[PDB]
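A.B. asks: quick one: experimental structure and sequence below.
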Amino acid sequence: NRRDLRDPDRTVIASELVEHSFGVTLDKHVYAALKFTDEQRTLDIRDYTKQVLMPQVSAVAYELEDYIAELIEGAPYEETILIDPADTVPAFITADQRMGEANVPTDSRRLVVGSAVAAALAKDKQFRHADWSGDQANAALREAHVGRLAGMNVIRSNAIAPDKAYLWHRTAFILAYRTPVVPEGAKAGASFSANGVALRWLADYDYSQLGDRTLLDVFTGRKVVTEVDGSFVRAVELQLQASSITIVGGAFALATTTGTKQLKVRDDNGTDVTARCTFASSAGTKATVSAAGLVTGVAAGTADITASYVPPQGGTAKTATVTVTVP
Amino acid sequence: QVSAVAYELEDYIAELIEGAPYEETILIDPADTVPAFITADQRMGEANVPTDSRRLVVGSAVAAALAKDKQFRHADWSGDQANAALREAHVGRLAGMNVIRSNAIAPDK
Amino acid sequence: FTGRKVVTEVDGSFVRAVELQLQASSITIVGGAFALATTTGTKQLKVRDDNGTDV
Amino acid sequence: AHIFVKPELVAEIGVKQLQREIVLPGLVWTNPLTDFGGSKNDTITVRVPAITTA
């Protein structure tokens, strides 16, 4: 506190010392089960380790990667920094500035970008023109690889969305693992490893179905470390901007009235956004389009099918129109 | 207790620096930031202030805008082919002064 | 005990320090357009200029 | 079902509250005057010399 000298009010305002806390919990149980008849194990299965165990371990490993990806992508971000594909560096400088303004330490920061963000970095004239970036032995042109920008290295991942990047301090996300113990009644099983996580394997024969059932499991838990006031400042999200969407294939003709066509929509960055667009048909009687991209034209004629995609930056939804001639 | 008193004294100094009777404010244009600092040098020299013992303390936004500036990002426009304003986000010296980044003062000042 | 002083000139003008401010041309509310869940629902608004300064 | 009495144990993994660095006190003129005790109103009257014109 503060007060004035010679002040006849000789009082002191005591300060307070309050400690805070959060909580980390085990919540999830990641497994991969299989079942085999006696005929399959006797005849069809020739190499058990190569045909059964290794694919099971790989499946559990990919499931754990997707678990971590859902933790990172699903964390509470107050706002997303929009990367302009023509000018990408200001977005990353802004991300570093946001991390600095929250007093996040400058070390142990990891930047993981999607494929589309990395391609936009390579396509950027900042890195490609060898005079806006120095770098005479041009790498964004002869190798399509940027690597470092705005003070952070780039890690390319296919688990996270293509048009999104995440810059996080090490203390932002916490994973915890636990290997279930093989009980006393269980047949003595093995223990495998997926990306350094010890998985429990277990086999049990069921007389009723004349078969064998295998289970490869682990207990998992995850946490996003928030601050005392509830804000999340240790991780920062960036999303690549989109300005127009186009339906691949252009105007097309259906094979028949019973026929179906699966539409794909791509933004100007080239990201597959068909899982984020709303599909509508101008002529409902002649043709109907599903919400997931499927197009069915029941009646002969012509229909104008529109895909509406609200962009990452918001505003009016980008509309792409296609013409369907149903025979 | 010691940390609280230290931060309180830093706030004291920040209020002293920020609350001074500044006659005019030099508006940094984030698209072209160098002329603002050259103008600050011109104003301080025209007042016959000695060129030594000068300190430049910028906020977070000012340093970020210096890094974002095409004058410093593009290596043709600034020399500096290592491009420390692109690979890093660090602009360290411009207009003859060294930049000191502080979180105590306002971000855009 | 602490004290501070700004050294002004003999005519009262302050010339020994210069302040610079970063221009702002547009302010945007974090979160953009929104719809409240209920009437009791309260939302804290953060406004950022084009330089990303919390104004 | 089965009920177990288990402690609620507190850990500390190195997640501290984020605070800024202090840089300002080193950059400002500190203690050019020290004898505030021994002056009226705790005030030292710094003198600026005179200049003339021809």
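C.D. replies: Looks like it came in fine. Residues are numbered from 1 along each chain as shown, chains lettered A, B, ... in the order given.
A.B. asks: name the SS class of the residue nearest to the spatial centre of chain D, please.
C.D. replies: Residue closest to the average C-alpha location in chain D (C-alpha atoms, centre = their mean): residue D:25, at 7.1 Å. On the three-state scheme (DSSP: H, G, I helix; E, B strand; the rest coil), residue D:25 is labelled helix.
A.B. asks: quick one, what contacts it?
C.D. replies: By C-beta atoms under 8 Å, 6 or more residues apart in numbering or on different chains, the contact set of residue D:25 is B:9-10, B:13. C-beta here means a position set from N, CA and C on the backbone, and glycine is covered the same way.
A.B. asks: just the buried ones from those residues?
C.D. replies: With burial judged by 16 or more other C-beta atoms under 10 Å in any protein chain shown, the buried subset of the contacts of residue D:25 is B:10, B:13.
A.B. asks: out of the contacts of residue D:25, flag the one nearest to residue B:85.
C.D. replies: Residue B:85 lies nearest to residue B:10 out of the contacts of residue D:25, by C-beta to C-beta, at 28.3 Å.
A.B. asks: next SSE downstream of the one helix or strand the closest one maps to?
C.D. replies: For residue B:10, the host element (DSSP states H and E) is helix B:2-18. Using DSSP H and E, the helix or strand that follows helix B:2-18 in sequence is strand B:25-28.
A.B. asks: test my guess that residue A:271 contacts residue A:162.
C.D. replies: Yes: at 5.0 Å, residue A:271 counts as touching residue A:162 under the criterion of C-beta atoms under 8 Å.
A.B. asks: residues in contact with residue A:77?
C.D. replies: Counting by C-beta under 8 Å, 6+ apart, residue A:77 touches A:232, A:235-237.
A.B. asks: closest to chain B among these?
C.D. replies: Closest to chain B out of those is residue A:236 (13.4 Å), distances taken as C-beta to the nearest C-beta.
A.B. asks: contacting residues around the residue positioned nearest the centre of chain A?
C.D. replies: Geometric centre of chain A, nearest residue: residue A:160, 2.8 Å, by C-alpha atoms, centre = their mean. Neighbouring residues of residue A:160 by C-beta under 8 Å, 6+ apart: A:69, A:72-73, A:112-114, A:166.
A.B. asks: redo that, cut-off 6 Å
C.D. replies: A:69, A:73, A:114 (C-beta atoms under 6 Å, 6 or more residues apart in numbering or on different chains).
A.B. asks: roughly how far apart are it and chain B?
C.D. replies: Applying C-beta to the nearest C-beta, to the nearest Å, the value for residue A:160 to chain B is 23 Å.
A.B. asks: again with residue A:69
C.D. replies: Relative to chain B, residue A:69 is positioned 27 Å away (C-beta to the nearest C-beta).
A.B. asks: any idea how far the residue nearest to the centre of chain A is from residue A:146?
C.D. replies: According to C-beta to C-beta, to the nearest Å, residue A:160 and residue A:146 sit 17 Å apart.
A.B. asks: what of residue A:301?
C.D. replies: In this view, residue A:301 and residue A:146 are 49 Å apart by C-beta to C-beta.
A.B. asks: and what of residue A:206?
C.D. replies: In this view, residue A:206 and residue A:146 are 55 Å apart by C-beta to C-beta.
A.B. asks: do residue A:240 as well
C.D. replies: Plainly put, residue A:240 is 14 Å away from residue A:146 if you go by C-beta to C-beta.
A.B. asks: just residue A:327 next, same as before
C.D. replies: Applying C-beta to C-beta to residue A:327 and residue A:146 gives a distance of 48 Å.
A.B. asks: what does residue A:90 give?
C.D. replies: Following C-beta to C-beta, the distance that separates residue A:90 from residue A:146 is 15 Å.
A.B. asks: just give the closest residue to the residue in the stretch 51-200 of chain A positioned nearest to chain D, not the sequence neighbours.
C.D. replies: Relative to chain D, the nearest point of the stretch 51-200 of chain A is residue A:103 (4.1 Å; C-beta to the nearest C-beta). With sequence-adjacent residues excluded and distances taken as C-beta to C-beta, 6 or more residues apart in numbering or on different chains, residue A:103 is closest to residue D:18, at 4.1 Å.
A.B. asks: residue numbers of chain D in contact with chain B?
C.D. replies: By the rule C-beta under 6 Å from any C-beta of the partner chain, the part of chain D lying against chain B is D:20, D:22-25, D:27-28.
A.B. asks: what do you get if the cut-off is 8 Å, keeping everything else the same?
C.D. replies: Applying C-beta under 8 Å from any C-beta of the partner chain, we find that chain D lies next to chain B at D:19-25, D:27-28.
A.B. asks: most neighbours among the residues you listed, which one?
C.D. replies: residue D:24 (22 neighbours; other C-beta atoms under 10 Å in any protein chain shown).
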